[PDB]
Amino acid sequence: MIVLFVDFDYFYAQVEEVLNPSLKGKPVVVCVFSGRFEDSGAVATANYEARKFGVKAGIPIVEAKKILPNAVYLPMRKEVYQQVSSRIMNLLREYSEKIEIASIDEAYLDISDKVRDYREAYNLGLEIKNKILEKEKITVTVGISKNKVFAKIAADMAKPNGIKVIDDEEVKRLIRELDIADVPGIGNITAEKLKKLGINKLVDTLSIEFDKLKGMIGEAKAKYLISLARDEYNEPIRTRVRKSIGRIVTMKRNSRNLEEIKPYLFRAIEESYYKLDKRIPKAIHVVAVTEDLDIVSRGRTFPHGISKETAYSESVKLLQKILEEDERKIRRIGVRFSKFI
DNA sequence: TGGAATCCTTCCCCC
DNA sequence: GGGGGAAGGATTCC
Ligand SMILES: Nc1ncnc2c1ncn2[C@H]1C[C@H](O)[C@@H](COP(=O)(O)OP(=O)(O)OP(=O)(O)O)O1
Ligand SMILES: [Ca+2]
Ligand SMILES: [Ca+2]
Numbered sequence: 001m002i003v004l005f006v007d008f009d010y011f012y013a014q015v016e017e018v019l020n021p022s023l024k025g026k027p028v029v030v031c032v033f034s035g036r037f038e039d040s041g042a043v044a045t046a047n048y049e050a051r052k053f054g055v056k057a058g059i060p061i062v063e064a065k066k067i068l069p070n071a072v073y074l075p076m077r078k079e080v081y082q083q084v085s086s087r088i089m090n091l092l093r094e095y096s097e098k099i100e101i102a103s104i105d106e107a108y109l110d111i112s113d114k115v116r117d118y119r120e121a122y123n124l125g126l127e128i129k130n131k132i133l134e135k136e137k138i139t140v141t142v143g144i145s146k147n148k149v150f151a152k153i154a155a156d157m158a159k160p161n162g163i164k165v166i167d168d169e170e171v172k173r174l175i176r177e178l179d180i181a182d183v184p185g186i187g188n189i190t191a192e193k194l195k196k197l198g199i200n201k202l203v204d205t206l207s208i209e210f211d212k213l214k215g216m217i218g219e220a221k222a223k224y225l226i227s228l229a230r231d232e233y234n235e236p237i238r239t240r241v242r243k244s245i246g247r248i249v250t251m252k253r254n255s256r257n258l259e260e261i262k263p264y265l266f267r268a269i270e271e272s273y274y275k276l277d278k279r280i281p282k283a284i285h286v287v288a289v290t291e292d293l294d295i296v297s298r299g300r301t302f303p304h305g306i307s308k309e310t311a312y313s314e315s316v317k318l319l320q321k322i323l324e325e326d327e328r329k330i331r332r333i334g335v336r337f338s339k340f341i
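Residue numbers for the first sequence follow the deposited numbering, so the first one is 1 and each next one is one higher.
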């Protein structure tokens, strides 16, 4: 068992660089304009030029202009990055058949049937970093170990433009040494529960009675951290498929009025239906982001697939259900479509 | 901001 | 008691 994990660096920004090389050397910030005010929006990502000054994914765009008033700010062109990504995936598909496409910018490859050890793996690493640098002009970080979680961690250490092997002895210290907050799947809310439980490192997971751990963070998560800690996590590489498709959009004002919201909602369905493209959903959800950034959703499953005129009419009922059941104003509104035939 | 997975808890119908 | 749903929310990650 030997897993290789690949992670395209500062991806959306690097793609705008590849597309206009003049941009190299300059701090680049790829933004998502919400279009309420001027520069209402958030940061989708920035190159390391910008990132070293605090500008990063999820700070408002106004906050990023106060730090770097002369950086280059580009609106997000997703469809573009979506295609460049595909082309690269295809490249890796020739390095192995066992390949999990994790996100727009990550993939793990099972390379047992291709390689004999951590030296031969390394070489395959550089063989690939190179081939992507060559064909597509994009730098990636490569992390390597016995499973996916440690391949990913390896990569976090080695970024950007890095390559790294975490071998079976280094995994051993890391269970003791690694801060559990730095484990994939443990976000701020689990990190805090785990601290008040006495777990700051991966290895303190064993010192607790399981059923207390289950009681704090869930079973699924508890079994995960446990197996990880017993050098015993070993989930395989899967070809995961889209389970849902949707679209959420921001209104120029916060509103409670049904006629004010509807056309935002209809545009969301429209784009959603395009994105489906010969896919037929059985489930529609209406998601609202209320004025204080809380998220409330109402939905419905059908026995048949959903056509557009049915998605139109049913979506308005579920939005009604939200206004009725929740007293707050509405900042964002959209749809998600799941349960494909 | 915008997208999408997965888990958990609760409710329900019913052997 | 338990299987099998669905629905709504919570959490994470990119
Ligand atoms: N919070 C976000 N909001 C919008 N888009 C995001 C967000 N996070 C990530 N993305 C998008 C843009 C990123 O380029 C892409 C990949 O994310 P990610 O791999 O974590 O970091 P990154 O590619 O920007 O740089 P890095 O090399 O540091 O990981 O997904
Ligand atoms: Ca990356
Ligand atoms: Ca974290």
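Where is the CB? At the ideal position from N, CA and C, for every residue including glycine.
### Query
Does DSSP classify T290 as helix, strand or coil?
Residue state, collapsed to three classes: strand.
### Distance between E314 and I101 (C-alpha atoms, nearest Å)
Their Cα atoms are separated by approximately 33 Å.
### Query
What's the call for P281, buried or exposed, on a 16-neighbour Cβ count within 10 Å?
Buried, since its Cβ has 16 or more Cβ neighbours within 10 Å.
### Query
Measuring CB to CB, does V15 end up less than 9 Å from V84?
In contact: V15 and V84 (Cβ atoms closer than 9 Å).
### Query
Does DSSP put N123 in a helix, in a strand, or in coil?
When DSSP states are grouped into helix, strand and coil, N123 belongs to the helix group.
### Query
Curious, which full-length alpha helix (DSSP H) runs of at least 4 residues does the segment 160-206 contain?
Look at the segment 160-206 and you find these whole runs of alpha helix (DSSP H), each 4 residues long or longer: 170-177 and 188-195.
#### Entry: Given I189 as reference, the closest of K221, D211, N161 and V165 once Cα atoms are compared
Between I189 and the set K221, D211, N161 and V165, the nearest pair of CA atoms involves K221.
### For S34, the three-state DSSP class (helix, strand or coil)
Coil at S34, not helix or strand.
### Task
Please indicate yes or no: does the CB of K164 lie closer than 8 Å to some heavy atom of ligand 2?
Answer for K164: no, Cβ out of range of ligand 2.
### Query
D204 to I104, Cα distance in whole Å?
Within the model, the alpha-carbon separation for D204 versus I104 is close to 34 Å.
### Message
Going by DSSP in three states, residue 344 sits in which element: helix, strand or coil?
### Response
Only positions 1 to 341 of the chain appear in this structure, which leaves residue 344 out of reach.
### Message
For a test of the three-state rule: what should DSSP assign to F302, helix, strand or coil?
### Response
Coil, per DSSP.
### Task
Would you grab the beta carbon distance between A158 and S145 for me? Rounded to a whole angstrom, and I think it's under 8 Å.
The pair is not a contact, with the Cβ atoms about 12 Å apart (cut-off 8 Å).
### Sequence ranges, alpha helix (DSSP H) only - wholly within the segment 43-85, length at least 4
With a minimum length of 4 residues, the continuous alpha helix (DSSP H) runs that stay inside the segment 43-85 are 48-51 and 61-67.
### Cα-Cα separation between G305 and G334, rounded to whole angstroms
Their backbone Cα atoms lie some 19 Å apart in a straight line.
### Task
Measure the C-alpha to C-alpha separation of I237 and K131 and round it to an integer number of angstroms.
Going by the C-alpha atoms only, they are around 22 Å apart.
### Message
For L92 and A107, which I take to be in contact (beta-carbon distance under 8 Å), what is that distance rounded to the nearest angstrom?
### Response
Your pair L92 and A107 checks out as a contact, with CB atoms roughly 6 Å apart and the cut at 8 Å.
### Query
Taking the alpha carbon of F11 as the point to measure from, which residue in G41, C31, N47 and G25 has its own alpha carbon closest?
When C-alpha distances from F11 are compared across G41, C31, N47 and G25, the shortest belongs to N47.
### Contacts around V43, its chain only, beta-carbon distance under 8 Å, and the 5 residues preceding and following it disregarded
Result list for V43: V29, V30, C31, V32, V55, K56, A57, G58, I59, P60, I61 and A64, in chain order.
### Task
Give every residue of the same chain whose Cβ lies closer than 8 Å to the Cβ of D179, excluding the five residues on either side of it in the sequence, and list them in chain order.
The residues are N200 and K201.
### Query
Got a sec: does ligand 3 put a non-hydrogen atom nearer than 8 Å to the Cβ of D182?
True, at least one ligand heavy atom lies under 8 Å from that Cβ.
### Query
Hey, how far is the Cα of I128 from the Cα of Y312?
Taking the straight line from one Cα to the other gives about 46 Å.
### Message
Is it buried or exposed, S96, if we count other Cβ atoms within 10 angstroms and call 16 or more buried?
### Response
Counting every other CB atom within 10 Å of its CB across the protein chains shown gives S96 a total of 16 or more, marking it as buried.
### Enclosing alpha helix (DSSP H) for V15 [first to last residue]
Its alpha helix (DSSP H) spans residues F11 to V18.
### Query
Which of helix, strand or coil does DSSP assign to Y108?
For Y108, the three-state secondary structure derived from DSSP is strand.
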